[PDB]
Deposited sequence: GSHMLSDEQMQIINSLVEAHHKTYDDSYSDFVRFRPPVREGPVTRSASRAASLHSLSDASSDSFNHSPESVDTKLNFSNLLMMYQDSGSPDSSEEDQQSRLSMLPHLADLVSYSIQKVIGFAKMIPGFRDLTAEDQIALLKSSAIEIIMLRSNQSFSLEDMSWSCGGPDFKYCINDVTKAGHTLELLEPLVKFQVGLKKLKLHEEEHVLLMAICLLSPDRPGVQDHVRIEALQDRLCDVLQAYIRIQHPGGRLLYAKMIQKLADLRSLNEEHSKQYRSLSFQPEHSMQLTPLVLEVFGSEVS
């Protein structure tokens, strides 16, 4: 009926870690290769994703216990989940009014058509945008948003993980926190927890579709040469 002292600590450090790795001013975006509207948007969006992967690694390293995993498991979890955390964290710039991601300036406003010009089809972009509006309607508390990112990252059902028992226990503790938080602190959220777990399921499907479309891009060197070294390493298929 009331959040434990250790549960709120988990929340505090997750919230701080998110504020430390998500810049609401988006001022860093000017450093990316500019947008062009072939695949005219592939250079800017590749820089956007690469920058975001660095943020997700920074967030991950501040989840309680993630750092104490082996370096192999840390990589396994990041390589499988990175695109999912990006889709999740991007909800913070998504707008229902424009059905797009608005990152400050109009040059950093990304329509669906912008993403197609980066090598992606409606097969991915249709369910991605539906995922964003539905996640947006949930009206998540900041505490809930960050817990969902952390739960998604700490999934033991990823290819490559070895310490299944440890990762599951971490993820369990995070779900208990989320469930308690919603119960105590979110009025009218008796159905929210289930809805959020459903969004995790949607992310697996978006991940699958993104992986398929990334694969075709990376098999064409005139496109893959536009990617960054971090993108190719993280979304690549090498195994540690």
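Novice: Relative to the deposited sequence numbered from 1, which residue ranges are unmodelled?
Specialist: Missing C-alpha atoms (numbering from 1) occur across the ranges 1 to 2, 40 to 99.
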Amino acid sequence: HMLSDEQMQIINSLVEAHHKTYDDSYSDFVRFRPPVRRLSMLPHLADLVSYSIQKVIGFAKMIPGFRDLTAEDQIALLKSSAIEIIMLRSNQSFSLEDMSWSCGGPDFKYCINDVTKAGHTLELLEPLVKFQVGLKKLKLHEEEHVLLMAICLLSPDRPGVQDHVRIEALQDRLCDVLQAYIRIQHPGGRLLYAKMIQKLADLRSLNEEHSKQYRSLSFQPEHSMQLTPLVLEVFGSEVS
From here on, numbers count along this sequence of modelled residues.
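Rigid core: the largest C-alpha set superposing within 1.5 Å between the two forms.
Novice: How do 79 to 87 and 98 to 106 compare in 9 other deposited structures of this protein: which one has C-alphas farther from this form after the rigid core is matched?
Specialist: Of the two stretches, the larger average C-alpha offset in 9 other deposited structures of this protein falls on 98 to 106.
Novice: Which is higher on mean Cα B factor in this entry, 84 to 92 or 111 to 119?
Specialist: The entry gives the higher C-alpha B-factor average to 111 to 119.
Novice: On mean Cα temperature factor in this entry, is 222 to 230 or 5 to 13 the higher one?
Specialist: Higher mean C-alpha B-factor: 5 to 13.
Novice: Among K55, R215, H44, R31, where is the Cα B factor highest in this entry?
Specialist: Of the candidates given, the C-alpha B-factor peaks at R31.
Novice: So where's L192 on the chain's Cα temperature factor ranking, which third?
Specialist: Within its chain, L192 is a highest-third residue by C-alpha B-factor, going by the deposited values.
Novice: Going by the recorded CA B-factors, say which third of the chain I151 sits in, lowest, middle or highest.
Specialist: Bottom third by C-alpha B-factor.
Novice: Give the position of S205 by CA B-factor within its chain, expressed as the lowest, middle or highest third.
Specialist: Its C-alpha B-factor, which the entry lists for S205, ranks in the middle third among residues of this chain.
Novice: Lowest, middle or highest third of the chain for the C-alpha temperature factor of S100?
Specialist: CA B-factor rank for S100: highest third.
Novice: Can you work out whether the C-alpha temperature factor of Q198 puts it in the lowest, middle or highest third of the chain?
Specialist: Ranked within chain, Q198 CA B lands in the highest tercile.
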